[PDB]
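A.B. asks:
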Ligand code: NA
Ligand code: NA
Ligand code: NA
Ligand code: NA
Ligand code: NA
Ligand code: NA
Ligand code: NA
Ligand code: NA
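Residue numbers (my numbering), protein chains in the order written: chain A, 19 to 391; chain B, 19 to 391; chain C, 61 to 309; chain D, 14 to 137.
#1: Within 9 Å of any Cβ in chain A, is that where the Cβ of residue 25 (chain D) sits?
#2: Are the beta-carbon atoms belonging to residue 263 (chain C) and residue 174 (chain B) less than 9 Å from one another?
#3: Go ahead and pull the three-state DSSP assignment for residue 38 (chain A).
#4: Express the C-alpha separation of residue 227 (chain C) and residue 260 (chain C) in angstroms, rounding to a whole number.
#5: Below 9 Å between beta carbons is the criterion; list the residues of the region 40-73 of chain D that meet it against any residue of chain A, in chain order.
#6: Please list, in chain order, the chain D residues whose beta carbon lies closer than 7 Å to that of residue 24 (chain A).
#7: Please enumerate, following chain order, all residues with a beta carbon closer than 6 Å to at least one heavy atom belonging to ligand 1.
#8: According to DSSP, is residue 268 (chain C) part of a helix, a strand, or is it coil?
#9: Any chance you could list the beta strand (DSSP E) runs of at least 3 consecutive residues sitting entirely within the region 268-352 of chain B, in chain order?
#10: Return the bridge partner residues of residue 227 (chain A) from the DSSP annotation.
#11: Quick one: does the C-beta of residue 249 (chain B) sit closer than 8 Å to a heavy atom of ligand 7?
#12: With a threshold of 9 Å between beta carbons, is residue 78 (chain B) in contact with chain C?
#13: Using a Cβ-Cβ distance cut-off of 9 Å, determine whether residue 291 (chain A) contacts chain D.
#14: For residue 27 (chain B), name the three-state secondary structure that DSSP assigns.
#15: I want to see whether chain A comes within less than 9 Å of residue 245 (chain B), judged by CB atoms only; does it?
#16: Just list the residues that DSSP pairs residue 62 (chain A) with in beta bridges.
#17: Considering just the uninterrupted stretch of the alpha helix (DSSP H) at residue 172 (chain A), what are its terminal residues?
#18: Any C-beta of chain C within less than 8 Å: which residues of the region 106-131 of chain B qualify?
#19: Say whether chain D places a C-beta atom closer than 9 Å to the C-beta of residue 288 (chain A).
#20: Pull up the distance between the alpha-carbon of residue 39 (chain A) and that of residue 245 (chain A), whole angstroms please.
#21: Does the CB of residue 160 (chain C) have a neighbour CB from chain D at under 9 Å?
#22: Counting only the same chain and skipping the five closest in sequence on each side, list residues whose C-beta sits under 7 Å from that of residue 267 (chain B).
#23: Using the beta-carbon count (16 or more within 10 Å), is residue 31 (chain D) buried or exposed?
#24: Below 6 Å CB to CB, which residues in the same chain sit around residue 253 (chain C) once its five sequence neighbours on both sides are set aside?
#25: With a threshold of 9 Å between beta carbons, is residue 308 (chain C) in contact with chain D?
#26: Residue 66 (chain D): buried (16+ other C-beta within 10 angstroms of its C-beta) or exposed?
#27: Just list the residues that DSSP pairs residue 108 (chain B) with in beta bridges.
#28: Is residue 215 (chain A) near ligand 3 - that is, is its Cβ less than 8 Å away from at least one heavy atom of it?
#29: Name the DSSP beta bridge partners of residue 53 (chain B), please?
#30: Please list the partners that residue 119 (chain C) has in chain D, where partner means a Cβ-to-Cβ separation under 8 Å.
#31: Provide the residue(s) that pair with residue 393 (chain B) in DSSP beta bridges, ordered along the chain.
#32: Looking at chain A, is there any beta carbon in it that lies within less than 9 Å of the beta carbon of residue 197 (chain B)?
#33: So, is residue 233 (chain B) buried or exposed, given that buried needs 16 or more other C-beta atoms within 10 angstroms?
#34: I want to check one thing, is the minimum distance from the CB of residue 246 (chain C) to the heavy atoms of ligand 6 below 8 Å?
#35: Take the Cβ of residue 120 (chain D) as the centre, count every other Cβ of all protein chains shown within 10 Å, and call the residue buried at 16 or more, exposed below.
This is the structure:
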């Protein structure tokens, strides 16, 4: 028999052992109230409770009111596989679907998109297998109601889950990173640069034990300086090795870009859906990269890290969502609190004028200092 | 007889006692070398030497090479009336025609314009009367040649100059303004604000003795802070009065605008042909206002001033060209030197990162300082 | 908004020279009736002209690219946009050029002959220069007195450009006669489809030259990629048809 | 046709993007004068061969045109094999853009081929 194969060729093949199912917020009366009842502040609800074996292969969500009225940073999505009492997916729902902070913007990637109206249509095509059921939970951590929650959870019921199917995991992390004691010595501008010989101060976006593969990252940086935020290298520790086997060259480099960019760009596997649009790199940037053709495999463990500026010199407000598969459904590290992951204010002309004043006083408060001395 | 009058009605009236003349860089051989011979660095030349009585009423100029190769800040135009050995017009030619620094950009006002190609076509419609001749001089203060200087000087020869005709004056000034000893306390952000009751430290754009009226100002600000540069009031001292009779409210206010604007805008009498296009008001802004319907009259003297920030608190790189008429051709103050009027570098992300570092040090270098503390 | 005085009446006529109907003609003619017209009021004149200008016998030697340039000391072959006898002043020009080459069309100087003088007293430097612009521009631009309301939007300066200049603050006065001219390329070397409307005042209402006919003033087709490919073929033949000629030889 | 082969039609000169084909750089000038980059990937639809393959394209209909053409071809085969000799640096140097001065010279040759009549428009 011919070994011919590819996406469109295989689509033409008849498939066995699959049955479509869908859980949605459809009005059970047949009327047009096709959303769930409101969520009060703090309320949690299991929106999908599936029994047996299957594979989720399409999720769509929308929420009312839209941002900024209701921030999607403050609505949590959690997923529990195989009857476990811990979630294997835990993230603020906006960041999970590639919508950072309390913002909204259209973008499309192969697994995740936020489509019209202006980033409110959330869709996910990651496949999520399960053997002993699946539960999807929504938690309202906002101070106001979720007036209407709309969704589709499309999945294939299977009499027998194939051999070697993994379990989908996703974890949101956040850190307000610590500058070096000598200060933010990026590019050696304010002081001498030093080597990062351990990666111990790197930001950690993923850390797990098991067998599997890493498949994606949504990276949300809020930079409080106009200085370039992305000199930092990605560094991966596979299966408990002491020296990281995968070491990068820069953050834009890791995201398949170059030369300190700040341009919107779209590829099915990587892109910049939101750029800072200000002096230098001051403000917010969202970058993503999916490792679909090129996952990062591990047999025993994986620790995915990235420098926050060269040798971790910069103070950055960083949040990430990491996506991966592993052999069984495992627990995640404790989530950041609502207060910990709150979006920070944009540095503005008043703040920078105060920096200029401190700088002028450090130079003897000479009446004709330009600013480049 | 009817007293009907207006611009288009009066244009239809036959005129007496005028004859067109034109001095131009036309090729005297009839060939197509319709520009003057090159100017070496430092070279001066009288480009127009008119005898007798007349009124210049249209000037056009262009120069090769164009900016930034050849800066029009470093080519001086001077005009001498009535056989005087001093100029009554003295300015870098770009700033005289509304092209600041070493830049080029299209704009149109009623008396002055810089038209296509991208601001290289310079035109002037101010009327310039003279009774005992006129001399127009060009000086190359660049380090390279003026390869080709093109011009038209259109004027009306008159057998009798009407007796109340004034003399056109224009003066370029430049200052790197001095901050207050306590620093740049704009908006009271870095420290307490204090009153300016005298205008003693105001920037001076015009000062003269005679009878006449002020008709215009080109204002070129290069602001080295993102802070708003224009809280400063215009203040005019007419006929040696101790308290200024005309006191304004702000710089954008004086330029018929409001609320710290940074948008391109065009009116025959006022506008913003070049805006800073960066964080806050950091960078370069060109603003103009012509006082055609509303001149500032004086019978003995005029001193035109403006604050450089409220109570002159800011360090600004400021240059101006002031335009006016007075009863006779008078002398001007010494011109700024080439070094004094040199364009300043743009403050950039590296400079501001150094300000941030001095500011972090002033706050005790807490490792997670955001920037708004 | 031009003011148009008259002492013994005024008549405004419309003529349809199209092959189809004018379905609807709308207008306002606002005027001031005066018991006494002030005595120094002139009369408004405007004249449309059109020429398909003739290249020099040696060809279109603009910029000395195809051959040596020669001086124009007389203005003999210049395009004429206005010629009249009387006392008055010129106040404006609408200039409509259709250039059939990508070469810059505007090296030509304006040249004015006032009151029958033998040597023109007003001589310019270039067409864009005369229109208060510089450096072979092709950008839309607007000033109350001058501008480019329609630009060629193609390679070089191939196609149509409309330029205007009004002489309101700075009219060109004359006591006996005026002849307003402009070169069509330096030393009138170029073939240009040129039309103009000249506007002026003079002491009495005078006659105009015969108008161009409908056929004479018909818009010309735009030179296109097929035409230029045919030029390339004749040029390749002139170079001996080397199989790899690029085009800049 | 070439645009046809690149899944387009009607002599296009518009930027366009598909995962398998597109125009990332278009000529932006009169007609099709200047530079165009087109690509097509045969991922779902490769061109298979058991023994050999020769991939060719006409340079204008019946190869009538002078074009400056360069290509990169990508493929798989059963073993690692050698390639033809590379063009030299000088051979693959980018050519100058034809400009208004060059075309005015073509116009002059064309006018002289038509008897150098003073009122030739250009479409005769
Ligand atoms: Na429904
Ligand atoms: Na329904
Ligand atoms: Na190490
Ligand atoms: Na690096
Ligand atoms: Na000339
Ligand atoms: Na000439
Ligand atoms: Na004020
Ligand atoms: Na000329």
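Just so it is clear, CB atoms sit at the ideal spot from N, CA and C, and this is done for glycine as well.
C.D. replies: Considering the structure as presented:
#1: no
#2: no
#3: strand
#4: 9 Å
#5: 56, 57, 58, 59
#6: 56, 57
#7: A:44, A:45, A:52
#8: coil
#9: 283-285, 288-292, 301-308, 314-316, 319-324, 335-344
#10: A:319
#11: yes
#12: yes
#13: no
#14: helix
#15: yes
#16: A:157
#17: Element bounds for residue 172 (chain A): not the alpha helix (DSSP H) but the beta strand (DSSP E), 166-175.
#18: 124, 126, 128, 131
#19: no
#20: 50 Å
#21: yes
#22: 251
#23: exposed
#24: 112, 158, 280
#25: yes
#26: exposed
#27: B:96, B:189
#28: yes
#29: According to DSSP, residue 53 (chain B) bridges with nothing at all.
#30: 121, 124, 125, 129
#31: Nothing can be reported for residue 393 (chain B): it is not among the residues displayed for chain B, which extend from 19 to 391.
#32: yes
#33: buried
#34: yes
#35: buried
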